[PDB]
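Trainee: part one of the assembly, not moved from where it sits:
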Amino acid sequence: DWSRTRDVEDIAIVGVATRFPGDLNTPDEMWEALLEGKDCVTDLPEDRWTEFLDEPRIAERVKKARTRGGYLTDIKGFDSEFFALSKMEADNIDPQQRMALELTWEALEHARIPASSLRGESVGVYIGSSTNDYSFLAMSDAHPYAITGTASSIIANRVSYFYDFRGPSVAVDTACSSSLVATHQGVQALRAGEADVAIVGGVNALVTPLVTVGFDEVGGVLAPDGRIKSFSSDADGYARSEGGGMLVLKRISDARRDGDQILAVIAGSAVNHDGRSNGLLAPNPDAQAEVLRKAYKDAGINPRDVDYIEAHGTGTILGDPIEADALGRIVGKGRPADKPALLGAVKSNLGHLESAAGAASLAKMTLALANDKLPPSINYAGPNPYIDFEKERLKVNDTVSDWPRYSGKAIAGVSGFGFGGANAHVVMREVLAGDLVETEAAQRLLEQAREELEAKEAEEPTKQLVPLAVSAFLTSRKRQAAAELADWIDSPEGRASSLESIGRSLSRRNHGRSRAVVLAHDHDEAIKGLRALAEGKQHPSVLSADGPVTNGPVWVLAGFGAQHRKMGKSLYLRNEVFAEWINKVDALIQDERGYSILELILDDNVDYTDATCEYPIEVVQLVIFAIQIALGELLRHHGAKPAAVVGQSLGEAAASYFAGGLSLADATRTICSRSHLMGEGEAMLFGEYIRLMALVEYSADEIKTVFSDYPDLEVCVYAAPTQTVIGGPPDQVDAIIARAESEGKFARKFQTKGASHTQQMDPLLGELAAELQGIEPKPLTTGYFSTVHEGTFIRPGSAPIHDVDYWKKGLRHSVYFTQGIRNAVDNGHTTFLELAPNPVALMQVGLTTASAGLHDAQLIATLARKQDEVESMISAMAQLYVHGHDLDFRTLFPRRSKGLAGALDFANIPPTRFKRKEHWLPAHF
């Protein structure tokens, strides 16, 4: 009978913003006032309308009028610096635009949706306004800036400009029901694409008495006392008020997917017109009946099941019976005498907000549905004698009461009728639960580690590290927030939080250009770091910056001499993404070589030297290669992406995969063949043709002059401008070591039996090439710095370069690591990230950057020896976040209890604070 004809989604409400009379600037303040039954109407403030006063003719006319209603405590204040506006431009801005910008920010903050994440997205803005009062002050004389400020279209266009919204931006105007119409258009859009999020609301302002005087001149419209008595025997008119409100709307499927908290659900809505009634301003009950029937038909809900109606409630002796009649025809039809539809109006509390009444009504029901209480309707001294509630199945709820839930759930209706004839109705219902629902030995070692780990935790439970993010568009604002946050944490409410809720809440706040992160294990550490961050004092557990870096990060894949007894073990057990990719690489290696690496990573006795019989030279490279892949994909899972990559003789395979030149399977083949061939080749020869490598503190120019006396020696790696790795027979290297010592130059030996990038590789090329057949190089798609091609930068989209000859050249010939780093600095890159079990290449990079004139380079280190594998990747992510690099900070705080225990999560941290300064347009008249 009343089911949907069209298959459409239900819209979800995730945010609310309030700027209503009575200092109701937040939903929490609004909810308390409604329960207490607060009358927010008050006399005209002494400082309002002063521009028109001082003229005896208009002044006495104003006094004769009523001039009593809801007025904002502060309307002139405005934080122009926050919204990037000049004083001259700000002074010529209608307060309607100011409210929209402020309300939009609060709504997203209330919805815990970072405003930065919505930049460039398809977000629609639908706002209702009717009166351009502010434009009258400008024309009293003026500046051209008043054209944009006082325009109605700019009310929404400006919002979509500051927040960078790429969706529809229109300002509707249906008089007293504009807010509901704007909500209707947003709901219809989301059901028909065209957007993913929608900001819907309305705004009004009483800047001049022209409209108020006009209504008083008509007579019988304004109440003498300024109080509304919706559905009462003492109705005598209404009073005009100012304010605004906003809502955030998303498809219920998206809200469930994204983890957003759902406060209420909009099942459907409808709008129509009264047509030819007994005058333009005379309501027509017949049309009101149709829109109610039209709305509930779309919502797929039988009106007999409704529990509460937020009526228009204009306190008119003649217009109230008409509204009740229509409700009885549709809503109050067939109901038992003991199941009336509760009735109420918010205008009794706040007044008649012309273009914002719908927003106030929607907010009231949204909070009521999110909670489980129905606030009363004040100013009810008895039923209207001209309305038969018993016959119409209605009841005016003038006391705090709970939802009857006739149908088992909560359903509400919001109705708003304009004075020109336009009508609208919105159907709302509570959120339901249904809306929240759509290798043998390796196992043996794995079980032992988990049992040992669990047993050790019982003796000493470790305290999890929590990164607390603080950000703002200015450093001064950033540190002010930290001090406010620290004070709240020290308060009993803060002490009663898990310290993971606080991080989760902060991760969902706007991530500005000036960013800071605090690494705290408990509340006390967080307070100390935040207090230090309140000023410029440094702190080991505090990361801070003043602005983002120009260019993206560079990933370094060296993976040489960075192995120890237990690497990749702790993070494998305590992380899933890292373990997942480790297994995938293990399976590929098992297919190729026939053995698993997990038997080595999980085993503790193995130290990769004399503990593994199967060519320790081979396994070491494979384990490092697997770790590099897992770390890179882990960073990708959190949103990180590399602008450029570079490797040093061992990470070329990993670098290719990250860039995109080769697939994971193809890259695994290259490293496996390279590693196995080197291991067997080194064991094949011993004593006769053995050649070892050593490190020498020499430059490229010095190497050419000194290699003349030593013909057989070759250059292997250009680690640093003043350092180089060379290989050759022990006698030649021994002489070089003695020669360098004679000149005071530091040198080493690396104590490594293996030797790559020398003549030993020559026999291996023939068989190496055959094994590598079948690989399919692809376009890079990412910046590259080939150490084998003389450190020449390669742009994304270039032709494939990872052919077989590429790997043979790298294995045999030297690698220009230092040259590539210098070229990257020339292009402007300043942040370098190393993926390895132990950072050893950062020192080499630091020397190159300093030699190139860069001394404040960002050297980020992944897993390091003798440090917890966790709490080191978290720090690496924080540094990327601080310096403006790509990172989804919300991924570090996954939700455990979605829809079950939301109270303990999402702590009540302080909100963003604005510095409001007077901005008004002088006038004399």
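Mentor: Now that the structure is in, tell me what you want to look at. Residues are numbered from 1 along each chain as shown, chains lettered A, B, ... in the order given.
Trainee: please spell out which residues along stretch A:297-308 are buried.
Mentor: Neighbour-count burial for stretch A:297-308 flags A:297-301, A:303-308 (criterion: 16 or more other Cβ atoms under 10 Å). Quick note: C-beta positions are derived from backbone N, CA and C, even for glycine.
Trainee: now find how far off-centre that stretch is within its chain.
Mentor: 36 Å (Cα atoms, centre = their mean, to the nearest Å).
Trainee: dump that stretch to CSV, keeping only the CA atoms.
Mentor: Written as CSV, here are the backbone C-alpha positions of stretch A:297-308 (Å, rounded to 0.1, in the frame of the first residue of the first chain):
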residue,chain,number,x,y,z
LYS,A,297,4.7,7.4,0.0
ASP,A,298,8.3,8.2,-0.9
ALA,A,299,9.6,7.2,2.5
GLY,A,300,7.8,3.8,2.3
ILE,A,301,6.1,4.4,5.7
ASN,A,302,2.5,4.2,6.7
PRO,A,303,1.5,7.5,8.4
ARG,A,304,-0.5,5.6,11.1
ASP,A,305,2.8,4.4,12.6
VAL,A,306,4.2,8.0,13.2
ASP,A,307,4.9,8.8,16.8
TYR,A,308,5.7,12.6,16.8
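Trainee: what residues of whichever strand or helix holds residue A:671 count as buried?
Mentor: For residue A:671, the host element (DSSP states H and E) is helix A:664-684. Residues A:664, A:666-679, A:681-682 are the ones in helix A:664-684 that count as buried (16+ other Cβ under 10 Å).
Trainee: what's that helix packed up against?
Mentor: helix A:577-593, helix A:616-637, helix A:652-659, helix A:762-771, helix A:804-812 (3 or more Cβ pairs under 8 Å, 6 or more residues apart in numbering; DSSP states H and E).
Trainee: so which of the ones you listed comes closest to residue A:487?
Mentor: With Cβ to Cβ as the criterion, residue A:487 lies closest to helix A:616-637 of those, at 34.5 Å.
Trainee: and the helix or strand just after that closest one, how far from the chain's centre?
Mentor: Once helix A:616-637 ends, the next helix or strand along the chain (criterion: DSSP H and E) is strand A:644-647. Computed by Cα atoms, centre = their mean, the chain-centroid distance of strand A:644-647 equals 29 Å.
Trainee: same question for stretch A:280-291.
Mentor: Going by Cα atoms, centre = their mean, where stretch A:280-291 is centred and where its chain is centred differ by 44 Å.
Trainee: what residues of that stretch count as buried?
Mentor: Buried, per 16+ other Cβ under 10 Å, within stretch A:280-291: A:283-285, A:287-291.
Trainee: next, count neighbours for the nearest residue in space to residue A:418 that is not next to it in sequence.
Mentor: Nearest non-adjacent residue to residue A:418, counting by Cβ to Cβ, 6 or more residues apart in numbering: residue A:175, 3.6 Å away. For residue A:175, the neighbour count with other Cβ atoms under 10 Å is 18.
Trainee: for residue A:175, give its distance to residue A:294.
Mentor: Going from residue A:175 to residue A:294 by Cβ to Cβ, to the nearest Å gives 20 Å.
Trainee: what of residue A:24?
Mentor: 32 Å.
Trainee: what about residue A:148, is that helix, strand or coil?
Mentor: Classification of residue A:148 by DSSP: H, G, I helix; E, B strand; the rest coil places it in helix.
Trainee: sequence for chain B below, add it please:
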Amino acid sequence: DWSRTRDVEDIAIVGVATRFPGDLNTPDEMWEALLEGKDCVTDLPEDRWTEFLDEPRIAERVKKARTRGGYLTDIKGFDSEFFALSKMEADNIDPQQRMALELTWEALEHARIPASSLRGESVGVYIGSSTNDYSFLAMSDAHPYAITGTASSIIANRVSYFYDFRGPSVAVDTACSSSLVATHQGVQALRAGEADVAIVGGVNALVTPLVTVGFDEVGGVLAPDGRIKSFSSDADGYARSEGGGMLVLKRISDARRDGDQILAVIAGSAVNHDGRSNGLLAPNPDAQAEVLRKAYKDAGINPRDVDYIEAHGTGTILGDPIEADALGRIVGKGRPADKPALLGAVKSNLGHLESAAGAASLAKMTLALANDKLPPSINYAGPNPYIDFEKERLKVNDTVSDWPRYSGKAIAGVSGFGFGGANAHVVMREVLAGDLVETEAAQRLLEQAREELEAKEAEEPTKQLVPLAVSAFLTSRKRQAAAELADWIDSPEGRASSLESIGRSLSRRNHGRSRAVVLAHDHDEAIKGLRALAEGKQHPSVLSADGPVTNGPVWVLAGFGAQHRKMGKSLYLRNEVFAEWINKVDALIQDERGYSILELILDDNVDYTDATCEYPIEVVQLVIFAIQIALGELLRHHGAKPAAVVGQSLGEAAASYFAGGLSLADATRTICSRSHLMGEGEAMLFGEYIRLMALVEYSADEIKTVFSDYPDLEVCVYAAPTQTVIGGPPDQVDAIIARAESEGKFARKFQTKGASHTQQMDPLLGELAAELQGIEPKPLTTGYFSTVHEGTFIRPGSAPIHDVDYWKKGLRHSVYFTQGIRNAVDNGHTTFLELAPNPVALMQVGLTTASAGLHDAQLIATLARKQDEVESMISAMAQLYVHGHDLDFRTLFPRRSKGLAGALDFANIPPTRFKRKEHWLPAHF
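Mentor: Chain B goes in next, on the same frame as the chains above:
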């Protein structure tokens, strides 16, 4: 690739209204101007802005400005009487509202959709406005009426009030692209229900120089000469203009169903925002590319197939290259160098209509698509050096040219970008052909009649009667239109019309309260009648009235003594609905009695007396009963519906079917059994028990006093207050005839062997009741006047009353025909319609109405003897239409060539004329 993801309909355009500069008040004037390349820009009129002038400070500031653009010749004029507005209220009405009311009327008139037919329907109004200039004049001092007049919401709400629209009524505001946005919302609504017709457009007005001065103060915005040079090397700004336009939109399926002419088709549309660009007023090419891609994706059209683009064309040196760039990215991508997308802008002809540019652009393309020509773009002195048209696959069409039709059809795009960032695009295509597509002897006699009819037509072809309808809200306006229409008919253009096109066009005009109809066979007769109607002179071929009657018509089903040789024959051959229902009744009678009546109707020799062996008393009733059913259903087919019904001893069966008490089959059984039983019963007895009936000029009171001496006599029918039909033995009736003659009272005998409503029926009741078993009386659903229950009115929805005992009582007891008529007059009924082959009961009704004090009763007569069966039902329909009764006058002019020869139909009759009087708000400053 570009096909639709969602299954949605294509929207059709059926009407256009224009109020653009250059006296372009009609599409025909607009189309001619575009072809001629007319520059509608002109200097400021001397009579404009005089209120602000006379002040030296503002006056010299205005002169220093440009003050050159498109201005309306007459803006103050307004026909308040037509729209029911007082002088005080009209003076405080913004011209934007006035244009919307006028444009809406013209659009429906252009679309040939009666505005009266849309009253109470789900019609949406979406109108774009940005500046409330008129409100500044009111506040210079004022009246409260300025609140409604100058409000933006009332621009659309007032339209939906005057025309009684029950759909959405909202006023959008997106600055310079509001008109396109309004069109977008209407298109989306129609695809998602919520409405059946949509009025979309925009309006602007230049009442004050405040906005013009502001732009001049900025500098670099307004052109010094006021001329726009869209896409030219001499672009130096633009000029502001005023005007408005409207369109009528319907789902293409509905337009095809209703016969509406389709001018163009809207495949799809889209809107978005520029986001954070280089300033609020700086356009963003990236967003423009997305909306074009977004729009064509919805339209299911590949952009490479577009043939013409109606660009924004603001004549800005910096904004024009940006628009071209986006077009090249999407539209001009992959095109051959010899297939460019033609480019043009209407702003060059009219100027920059802020909130009405989209309406002007849509109208231009709509006329171009309806025709087969592309108008040029004026002010093109060479391509812009900063735009590479060859590389972007674009061409500025500066000459009259035909559609290239790259894809085989015509496709166009309209783009409008606001100064705040909002953007929109609409895709249009021409209307295609595919869019316009989804009883033996009786036959022998039927063929003879058709051949004889066709043969007779050749000797003398009959001239078809055409009812010409003229109507208006006042008699004076009605007769003024007739004189204008008559003059046009006498003109060569009128003489070149079929005279059926003229009627068809008039049938689709608004049907007001004051209505008139002219029955003309040729043009000369129509002119003579219209000229007579121009004044109060009467004319036999002219039907006129000053206002509708209060209550609905009453249908009278007597069908006694109204048979002749050839009844229902001429209309059966020349009408389909009448023939259809005749056959259905014939089949039912064939099942019951076993013979067909068509053998009698079609036969000419039969005269229903001595020519039919099968009980002429029986066949006569059946033939009359069949005719009554056919006429009633024929009237229903044209929209007529009865408020009440009444019958006289023979139409009770037909009256029951029309009311709804009984089904057609059940009613047929009652008459068949009644007729057959009477025929056999009368033949059963002869001489001994034969009793005949006679008419006597006596009243009911006189009958009671006179029946004392004659015991056996009975009253049969109370035909009139002073007349009565009685039955009895011939001796008793003979004495009554002599007695009446002795007193001078007229009497007759009826020369009828049969006699009903007497003792002869008593034996027939027993068998009559058995035959009638199984009938299922139902609720009436219509007013009834039972002549068997003492003429007591019965309201609709009453319990069934047509049980078996009801028919036995009527057949045996008298019928109170006069009493029922008097009761109907008491209830207020004044129009009586008789369904019978020959009107005989009207005389009886006329006497009763006069006796009750009603002398101007509307007595409408159906088919009459010795008159053409056609041209008599047409007159009956005209009288119902004239007196305000329900009738779809469009059904009398069916379309023959839909989409084939539309030129010869839908003549170019004069349009509605308004009397405009000055209505302006004085101001001093």
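Trainee: the buried residues of stretch A:280-291 again, this time with chain B added?
Mentor: A:280-281, A:283-285, A:287-291 (16 or more other Cβ atoms under 10 Å in any protein chain shown).
Trainee: and what of stretch A:325-338?
Mentor: A:325-332, A:335.
Trainee: ok, stretch A:529-545 next?
Mentor: A:529-534, A:539, A:541-545.
Trainee: and it, how far out from the chain middle?
Mentor: Going by Cα atoms, centre = their mean, where stretch A:529-545 is centred and where its chain is centred differ by 24 Å.
Trainee: what does stretch A:657-674 give?
Mentor: 34 Å.
Trainee: restricting to C-alpha, output it in CSV.
Mentor: Extracted as CSV, the C-alpha positions of stretch A:657-674 are listed here (Å, rounded to 0.1, in the frame of the first residue of the first chain):
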residue,chain,number,x,y,z
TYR,A,657,57.8,-3.1,-8.0
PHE,A,658,57.1,0.1,-6.1
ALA,A,659,57.7,2.3,-9.1
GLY,A,660,55.6,-0.1,-11.3
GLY,A,661,58.1,-1.2,-13.9
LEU,A,662,57.7,-4.9,-12.9
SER,A,663,55.2,-7.1,-11.2
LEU,A,664,55.8,-8.6,-7.8
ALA,A,665,56.3,-12.1,-9.2
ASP,A,666,58.8,-10.8,-11.9
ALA,A,667,60.8,-8.9,-9.3
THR,A,668,61.0,-12.0,-7.1
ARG,A,669,62.5,-14.0,-9.9
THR,A,670,65.3,-11.4,-10.4
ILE,A,671,66.4,-11.4,-6.8
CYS,A,672,66.0,-15.1,-6.4
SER,A,673,68.2,-15.9,-9.5
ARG,A,674,70.7,-13.2,-8.5
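Trainee: give me the contact list for that stretch.
Mentor: A:555, A:557, A:584-585, A:588-589, A:592-593, A:621-622, A:625, A:629, A:632, A:642, A:645, A:650, A:652-654, A:656, A:768, A:771-772, A:775-784, A:800-802, A:807, A:811 (Cβ atoms under 8 Å, 6 or more residues apart in numbering or on different chains).
Trainee: spatially, what comes nearest to the most centrally placed residue in chain A if we skip its sequence neighbours?
Mentor: For chain A, the residue sitting closest to the mean C-alpha position, by Cα atoms, centre = their mean, is residue A:114 at 3.8 Å. In space, and not counting its chain neighbours, residue A:114 is closest to residue A:510: 5.2 Å by Cβ to Cβ, 6 or more residues apart in numbering or on different chains.
Trainee: please apply the same query to residue A:281.
Mentor: residue A:419 (5.3 Å).
Trainee: go ahead and confirm that neighbour touches residue A:175.
Mentor: Yes: if you go by Cβ atoms under 8 Å, residue A:419 and residue A:175 touch, sitting 5.3 Å apart.
Trainee: residue A:220: how many residues sit nearby?
Mentor: 12 (other Cβ atoms under 10 Å in any protein chain shown).
Trainee: same thing with the one 3 residues further on?
Mentor: Residue A:223 is flanked by 23 other residues according to other Cβ under 10 Å.
Trainee: was I right about it contacting residue A:41?
Mentor: No: between residue A:223 and residue A:41 there is no contact under Cβ under 8 Å: 9.5 Å.
Trainee: shared neighbours of the two, which are they?
Mentor: residue A:239.
Trainee: can you tell me the SS state at the residue in the stretch 51-200 of chain A that chain B sits nearest to?
Mentor: Relative to chain B, the nearest point of the stretch 51-200 of chain A is residue A:157 (3.4 Å; Cβ to the nearest Cβ). Under three-state DSSP, the three-state class of residue A:157 is helix.
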